[PDB]
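**Q** Have a look at this one before I ask anything.
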Amino acid sequence: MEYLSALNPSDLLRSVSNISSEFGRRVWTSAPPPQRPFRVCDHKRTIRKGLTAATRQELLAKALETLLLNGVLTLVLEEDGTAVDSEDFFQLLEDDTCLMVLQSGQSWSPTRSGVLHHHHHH
């Protein structure tokens with residue numbers, strides 16, 4: 001009927017059409033933050049605890065006294081590699097849970113557990 005191929009069934013029937021519809025459905029504007037299970041992790045693996053906490057500004061005091069009590073400490077984030085010392089911390093990154101507290105004069109270390117080249121022979 002045709003020349004070579006016009007619209008055969010067995011050829012490219014493996015696409016993924018998931019263009020669903022969504023645009024805000026349960027957005028809440030309560031003043032106090034809702035209790036959410038946040039996961040906090042120390043620099044490499046010294047301390048790892050994840051509990052539900054609800055705090056706006058005082059929430060920062062937790063990351064500090066949680067491991068060590070200090071009056072002034074630099075808050076850094078290995079997620080992107082940036083240093084912060086004000087409430088802008090969680091506001092400088094997308095919604096996520098990351099916490100690190102150390103003294104100044106310290107850079108980020110190499111931390112990756114994906115598929116480096118450590119394995120290849122067998």
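Letters A, B, ... go to the chains of the structure tokens in the order shown; residues in each chain start at 1; ligands are counted from 1 in the same order.
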From the DSSP assignment of the backbone, select every residue of stretch 9-109 of chain A that is strand (DSSP E), and format the answer as a PyMOL selection string.
**A** chain A and resi 36-41+48-53+74-77+82-84+101-102
**Q** To one decimal in Å, tell me the separation between atom CA of residue A:32 and atom CA of residue A:86.
**A**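 Distance between the two atoms: 19.3 Å.
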**Q** Write out as a PyMOL selection string which residues come within 10 Å of residue A:82 when counting only C-alpha atoms, dropping same-chain ones fewer than 3 positions away.
**A** chain A and resi 75-79+89+92-93+107-108
**Q** Hey, what's within 10 Å of residue A:102 if we count only C-alpha atoms and toss same-chain stuff fewer than 6 positions away? As an MDAnalysis selection string, please?
**A** chainID A and resid 42:43 64 68 73:76
**Q** What is the atom CA of residue A:96 to atom CA of residue A:37 distance in Å?
**A** 11.2 Å
**Q** Do a neighbour search on residue A:33 at 10 Å with only C-alpha atoms, toss out local chain neighbours closer than 3 positions, and write the hits as a ChimeraX atom specification.
**A** /A:28-30,36,53-56
**Q** For residue A:85, which residue out of A:69, A:40, A:98, A:61 is the nearest one, using only C-alpha atoms?
**A**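 Residue with the minimum atom-to-atom distance to residue A:85: A:61.
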**Q** Where does DSSP see helix (DSSP H, G or I) in chain A, if you list the residues as number ranges by chain?
**A** A: 59-67, 88-92
**Q** I need the chosen residues saved as a PDB file, in the first residue's frame, with N, CA, C and O atoms.
**A**
ATOM      1  N   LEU A  59      15.343  27.817  65.386  1.00  0.00           N
ATOM      2  CA  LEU A  59      15.758  26.514  64.783  1.00  0.00           C
ATOM      3  C   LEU A  59      17.272  26.491  64.551  1.00  0.00           C
ATOM      4  O   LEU A  59      17.909  25.461  64.647  1.00  0.00           O
ATOM      5  N   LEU A  60      17.851  27.622  64.244  1.00  0.00           N
ATOM      6  CA  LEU A  60      19.323  27.669  64.004  1.00  0.00           C
ATOM      7  C   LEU A  60      20.070  27.311  65.292  1.00  0.00           C
ATOM      8  O   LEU A  60      21.063  26.612  65.271  1.00  0.00           O
ATOM      9  N   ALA A  61      19.595  27.787  66.414  1.00  0.00           N
ATOM     10  CA  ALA A  61      20.272  27.478  67.708  1.00  0.00           C
ATOM     11  C   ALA A  61      20.402  25.964  67.895  1.00  0.00           C
ATOM     12  O   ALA A  61      21.285  25.486  68.583  1.00  0.00           O
ATOM     13  N   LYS A  62      19.528  25.203  67.290  1.00  0.00           N
ATOM     14  CA  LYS A  62      19.601  23.720  67.433  1.00  0.00           C
ATOM     15  C   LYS A  62      20.874  23.186  66.773  1.00  0.00           C
ATOM     16  O   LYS A  62      21.679  22.529  67.399  1.00  0.00           O
ATOM     17  N   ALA A  63      21.055  23.463  65.508  1.00  0.00           N
ATOM     18  CA  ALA A  63      22.271  22.971  64.788  1.00  0.00           C
ATOM     19  C   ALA A  63      23.541  23.262  65.599  1.00  0.00           C
ATOM     20  O   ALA A  63      24.498  22.511  65.559  1.00  0.00           O
ATOM     21  N   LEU A  64      23.558  24.348  66.317  1.00  0.00           N
ATOM     22  CA  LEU A  64      24.766  24.694  67.122  1.00  0.00           C
ATOM     23  C   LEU A  64      24.843  23.850  68.401  1.00  0.00           C
ATOM     24  O   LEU A  64      25.686  22.984  68.537  1.00  0.00           O
ATOM     25  N   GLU A  65      23.988  24.125  69.350  1.00  0.00           N
ATOM     26  CA  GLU A  65      24.016  23.379  70.648  1.00  0.00           C
ATOM     27  C   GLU A  65      23.743  21.879  70.471  1.00  0.00           C
ATOM     28  O   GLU A  65      24.096  21.084  71.319  1.00  0.00           O
ATOM     29  N   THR A  66      23.114  21.476  69.397  1.00  0.00           N
ATOM     30  CA  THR A  66      22.825  20.015  69.217  1.00  0.00           C
ATOM     31  C   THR A  66      24.099  19.182  69.420  1.00  0.00           C
ATOM     32  O   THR A  66      24.088  18.186  70.116  1.00  0.00           O
ATOM     33  N   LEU A  67      25.196  19.583  68.828  1.00  0.00           N
ATOM     34  CA  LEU A  67      26.459  18.808  69.007  1.00  0.00           C
ATOM     35  C   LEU A  67      27.364  19.500  70.029  1.00  0.00           C
ATOM     36  O   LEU A  67      27.825  18.892  70.975  1.00  0.00           O
ATOM     37  N   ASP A  88      19.239  33.395  56.674  1.00  0.00           N
ATOM     38  CA  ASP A  88      19.217  33.187  55.192  1.00  0.00           C
ATOM     39  C   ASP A  88      19.701  31.778  54.825  1.00  0.00           C
ATOM     40  O   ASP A  88      19.574  31.352  53.695  1.00  0.00           O
ATOM     41  N   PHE A  89      20.257  31.053  55.767  1.00  0.00           N
ATOM     42  CA  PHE A  89      20.752  29.673  55.466  1.00  0.00           C
ATOM     43  C   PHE A  89      19.702  28.878  54.674  1.00  0.00           C
ATOM     44  O   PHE A  89      19.820  28.704  53.478  1.00  0.00           O
ATOM     45  N   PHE A  90      18.681  28.396  55.333  1.00  0.00           N
ATOM     46  CA  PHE A  90      17.630  27.608  54.618  1.00  0.00           C
ATOM     47  C   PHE A  90      17.048  28.412  53.447  1.00  0.00           C
ATOM     48  O   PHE A  90      16.493  27.856  52.521  1.00  0.00           O
ATOM     49  N   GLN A  91      17.169  29.713  53.482  1.00  0.00           N
ATOM     50  CA  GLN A  91      16.619  30.543  52.370  1.00  0.00           C
ATOM     51  C   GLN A  91      17.619  30.618  51.209  1.00  0.00           C
ATOM     52  O   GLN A  91      17.286  31.053  50.123  1.00  0.00           O
ATOM     53  N   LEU A  92      18.838  30.200  51.426  1.00  0.00           N
ATOM     54  CA  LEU A  92      19.854  30.253  50.332  1.00  0.00           C
ATOM     55  C   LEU A  92      19.811  28.972  49.490  1.00  0.00           C
ATOM     56  O   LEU A  92      20.422  28.891  48.444  1.00  0.00           O
TER      57      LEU A  92
END
**Q** Kindly indicate which residue among A:94, A:27, A:58, A:119 lies nearest to residue A:80, using only C-alpha atoms for the distances.
**A**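 Smallest distance to residue A:80 is found for A:94.
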